[PDB]
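J.: My file is entry.cif. It has mmCIF, N, CA and C atoms and all ligand atoms:
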```
data_target
loop_
_atom_site.group_PDB
_atom_site.id
_atom_site.type_symbol
_atom_site.label_atom_id
_atom_site.label_comp_id
_atom_site.auth_asym_id
_atom_site.auth_seq_id
_atom_site.Cartn_x
_atom_site.Cartn_y
_atom_site.Cartn_z
ATOM 1 N N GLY A 445 7.006 -29.897 -15.406
ATOM 2 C CA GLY A 445 6.277 -30.108 -16.642
ATOM 3 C C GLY A 445 4.865 -30.606 -16.404
ATOM 4 N N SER A 446 4.309 -30.272 -15.243
ATOM 5 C CA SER A 446 2.958 -30.694 -14.893
ATOM 6 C C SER A 446 1.943 -30.152 -15.894
ATOM 7 N N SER A 447 0.956 -30.976 -16.232
ATOM 8 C CA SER A 447 -0.077 -30.582 -17.182
ATOM 9 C C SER A 447 -1.442 -30.515 -16.504
ATOM 10 N N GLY A 448 -2.403 -29.892 -17.180
ATOM 11 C CA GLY A 448 -3.739 -29.770 -16.628
ATOM 12 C C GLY A 448 -4.086 -28.342 -16.258
ATOM 13 N N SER A 449 -4.977 -27.732 -17.033
ATOM 14 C CA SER A 449 -5.390 -26.355 -16.786
ATOM 15 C C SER A 449 -6.854 -26.294 -16.358
ATOM 16 N N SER A 450 -7.186 -25.295 -15.549
ATOM 17 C CA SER A 450 -8.552 -25.126 -15.064
ATOM 18 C C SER A 450 -9.313 -24.121 -15.923
ATOM 19 N N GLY A 451 -9.335 -24.365 -17.230
ATOM 20 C CA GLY A 451 -10.029 -23.474 -18.140
ATOM 21 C C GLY A 451 -9.258 -22.195 -18.400
ATOM 22 N N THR A 452 -9.947 -21.062 -18.310
ATOM 23 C CA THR A 452 -9.321 -19.767 -18.540
ATOM 24 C C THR A 452 -8.266 -19.470 -17.481
ATOM 25 N N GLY A 453 -8.427 -20.070 -16.306
ATOM 26 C CA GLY A 453 -7.480 -19.857 -15.228
ATOM 27 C C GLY A 453 -7.388 -18.401 -14.815
ATOM 28 N N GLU A 454 -6.265 -18.029 -14.208
ATOM 29 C CA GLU A 454 -6.058 -16.657 -13.762
ATOM 30 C C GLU A 454 -4.606 -16.432 -13.350
ATOM 31 N N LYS A 455 -4.190 -15.170 -13.337
ATOM 32 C CA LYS A 455 -2.825 -14.818 -12.963
ATOM 33 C C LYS A 455 -2.783 -13.453 -12.284
ATOM 34 N N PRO A 456 -3.250 -13.400 -11.028
ATOM 35 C CA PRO A 456 -3.274 -12.162 -10.243
ATOM 36 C C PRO A 456 -1.875 -11.700 -9.846
ATOM 37 N N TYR A 457 -1.579 -10.433 -10.112
ATOM 38 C CA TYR A 457 -0.275 -9.869 -9.784
ATOM 39 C C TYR A 457 -0.163 -9.590 -8.289
ATOM 40 N N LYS A 458 1.043 -9.747 -7.752
ATOM 41 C CA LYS A 458 1.288 -9.511 -6.335
ATOM 42 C C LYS A 458 2.442 -8.533 -6.138
ATOM 43 N N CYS A 459 2.153 -7.407 -5.495
ATOM 44 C CA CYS A 459 3.166 -6.390 -5.240
ATOM 45 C C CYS A 459 4.272 -6.936 -4.341
ATOM 46 N N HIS A 460 5.495 -6.952 -4.860
ATOM 47 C CA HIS A 460 6.640 -7.448 -4.105
ATOM 48 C C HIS A 460 7.148 -6.389 -3.131
ATOM 49 N N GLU A 461 6.668 -5.160 -3.295
ATOM 50 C CA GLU A 461 7.075 -4.059 -2.431
ATOM 51 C C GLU A 461 6.526 -4.245 -1.019
ATOM 52 N N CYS A 462 5.231 -4.525 -0.926
ATOM 53 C CA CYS A 462 4.581 -4.724 0.364
ATOM 54 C C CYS A 462 4.037 -6.144 0.485
ATOM 55 N N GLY A 463 3.464 -6.648 -0.604
ATOM 56 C CA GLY A 463 2.913 -7.991 -0.599
ATOM 57 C C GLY A 463 1.416 -8.004 -0.838
ATOM 58 N N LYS A 464 0.906 -6.937 -1.442
ATOM 59 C CA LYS A 464 -0.519 -6.827 -1.728
ATOM 60 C C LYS A 464 -0.845 -7.410 -3.100
ATOM 61 N N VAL A 465 -1.863 -8.264 -3.148
ATOM 62 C CA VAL A 465 -2.278 -8.889 -4.399
ATOM 63 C C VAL A 465 -3.373 -8.079 -5.081
ATOM 64 N N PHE A 466 -3.406 -8.140 -6.409
ATOM 65 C CA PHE A 466 -4.405 -7.411 -7.182
ATOM 66 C C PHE A 466 -5.000 -8.296 -8.273
ATOM 67 N N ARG A 467 -6.254 -8.031 -8.623
ATOM 68 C CA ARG A 467 -6.942 -8.804 -9.651
ATOM 69 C C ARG A 467 -6.237 -8.665 -10.997
ATOM 70 N N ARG A 468 -6.253 -7.454 -11.545
ATOM 71 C CA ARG A 468 -5.618 -7.188 -12.830
ATOM 72 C C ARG A 468 -4.271 -6.496 -12.638
ATOM 73 N N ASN A 469 -3.600 -6.200 -13.747
ATOM 74 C CA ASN A 469 -2.302 -5.538 -13.701
ATOM 75 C C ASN A 469 -2.462 -4.041 -13.456
ATOM 76 N N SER A 470 -3.438 -3.438 -14.128
ATOM 77 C CA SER A 470 -3.694 -2.011 -13.986
ATOM 78 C C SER A 470 -3.842 -1.628 -12.516
ATOM 79 N N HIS A 471 -4.578 -2.445 -11.770
ATOM 80 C CA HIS A 471 -4.797 -2.195 -10.350
ATOM 81 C C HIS A 471 -3.470 -2.108 -9.602
ATOM 82 N N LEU A 472 -2.505 -2.918 -10.024
ATOM 83 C CA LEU A 472 -1.189 -2.933 -9.393
ATOM 84 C C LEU A 472 -0.362 -1.727 -9.831
ATOM 85 N N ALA A 473 -0.552 -1.307 -11.077
ATOM 86 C CA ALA A 473 0.171 -0.162 -11.617
ATOM 87 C C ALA A 473 -0.047 1.079 -10.760
ATOM 88 N N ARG A 474 -1.311 1.436 -10.554
ATOM 89 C CA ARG A 474 -1.655 2.606 -9.755
ATOM 90 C C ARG A 474 -1.150 2.454 -8.324
ATOM 91 N N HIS A 475 -1.128 1.216 -7.837
ATOM 92 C CA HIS A 475 -0.667 0.935 -6.482
ATOM 93 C C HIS A 475 0.830 1.201 -6.352
ATOM 94 N N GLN A 476 1.580 0.850 -7.390
ATOM 95 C CA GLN A 476 3.026 1.049 -7.391
ATOM 96 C C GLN A 476 3.374 2.507 -7.110
ATOM 97 N N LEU A 477 2.454 3.406 -7.447
ATOM 98 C CA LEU A 477 2.664 4.833 -7.232
ATOM 99 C C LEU A 477 3.022 5.118 -5.776
ATOM 100 N N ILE A 478 2.411 4.368 -4.866
ATOM 101 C CA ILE A 478 2.666 4.538 -3.440
ATOM 102 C C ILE A 478 4.119 4.218 -3.101
ATOM 103 N N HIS A 479 4.741 3.379 -3.923
ATOM 104 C CA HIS A 479 6.132 2.994 -3.711
ATOM 105 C C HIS A 479 7.068 3.845 -4.564
ATOM 106 N N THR A 480 6.986 3.671 -5.879
ATOM 107 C CA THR A 480 7.826 4.421 -6.804
ATOM 108 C C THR A 480 7.033 5.526 -7.494
ATOM 109 N N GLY A 481 7.730 6.586 -7.893
ATOM 110 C CA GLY A 481 7.074 7.695 -8.561
ATOM 111 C C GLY A 481 7.907 8.266 -9.692
ATOM 112 N N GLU A 482 7.842 7.624 -10.855
ATOM 113 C CA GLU A 482 8.599 8.073 -12.018
ATOM 114 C C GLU A 482 7.663 8.514 -13.140
ATOM 115 N N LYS A 483 7.470 9.822 -13.263
ATOM 116 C CA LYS A 483 6.600 10.375 -14.293
ATOM 117 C C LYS A 483 7.392 11.238 -15.269
ATOM 118 N N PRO A 484 8.208 10.586 -16.111
ATOM 119 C CA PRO A 484 9.034 11.276 -17.107
ATOM 120 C C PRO A 484 8.200 11.884 -18.230
ATOM 121 N N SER A 485 7.266 11.099 -18.759
ATOM 122 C CA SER A 485 6.404 11.559 -19.841
ATOM 123 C C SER A 485 5.433 12.625 -19.346
ATOM 124 N N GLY A 486 5.701 13.876 -19.707
ATOM 125 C CA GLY A 486 4.843 14.969 -19.291
ATOM 126 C C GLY A 486 5.628 16.160 -18.777
ATOM 127 N N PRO A 487 6.237 16.916 -19.703
ATOM 128 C CA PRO A 487 7.033 18.098 -19.360
ATOM 129 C C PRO A 487 6.172 19.247 -18.847
ATOM 130 N N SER A 488 6.760 20.090 -18.004
ATOM 131 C CA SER A 488 6.045 21.229 -17.438
ATOM 132 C C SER A 488 6.489 22.531 -18.097
ATOM 133 N N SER A 489 7.781 22.830 -17.992
ATOM 134 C CA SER A 489 8.333 24.046 -18.574
ATOM 135 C C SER A 489 8.167 24.047 -20.090
ATOM 136 N N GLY A 490 8.580 22.954 -20.725
ATOM 137 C CA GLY A 490 8.470 22.848 -22.169
ATOM 138 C C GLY A 490 7.030 22.810 -22.638
HETATM 139 ZN ZN ZN B 1 2.741 -2.531 -2.682
#
```
Written as structure tokens, how would this file's structure read?

T.:
Amino acid sequence: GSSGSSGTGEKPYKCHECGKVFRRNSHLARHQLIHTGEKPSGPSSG
């Protein structure tokens, strides 16, 4: 229950797959592609 914030602060995401840290979340999203590849949204035949 520790208190005390450093203003706006920050919360950089860290890839648990390899251990690479990223500034924002989006940066990590594209990185995840190297690990997982699930692109359901976007039919080809249909
Ligand atoms: Zn990674």

J.: Could I get the residue neighbourhood of ligand ZN 1 (chain B) at 7 Å, counting only N, CA and C atoms and all ligand atoms, as a ChimeraX atom specification?

T.: /A:458-464,475-476,478-479

J.: Can you give me, as a VMD selection string, the residues this file yields under the PyMOL selection byres (((chain A and resi 467 and name CA) around 6) and not hetatm and name CA)?

T.: chain A and resid 456 466 468

J.: Please measure the separation of CA of residue 470 in chain A and CA of residue 457 in chain A, giving the value in Å to one decimal.

T.: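 Between these atoms lies a distance of 9.5 Å.
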
J.: Mind working out the centre and edge lengths of an axis-aligned box for range 473-490 of chain A, all listed atoms inside, 3 Å added to each side, rounded to one decimal in Å and written as JSON?

T.:
```
{"center_x": 3.7, "center_y": 11.4, "center_z": -12.9, "size_x": 16.7, "size_y": 31.4, "size_z": 25.5}
```

J.: Just give me the gap between atom N of residue 447 in chain A and CA of residue 472 in chain A in Å, one decimal is fine.

T.: 28.9 Å

J.: From chain A, collect each residue whose DSSP state is strand (DSSP E or B) and return the set as a list in words.

T.: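 The residues of chain A classed as strand (DSSP E or B) are residues 457, 458, 465 and 466 of chain A.
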
J.: Have a look at CA of residue 477 in chain A and CA of residue 455 in chain A and let me know their distance in Å, one decimal.

T.: 21.2 Å
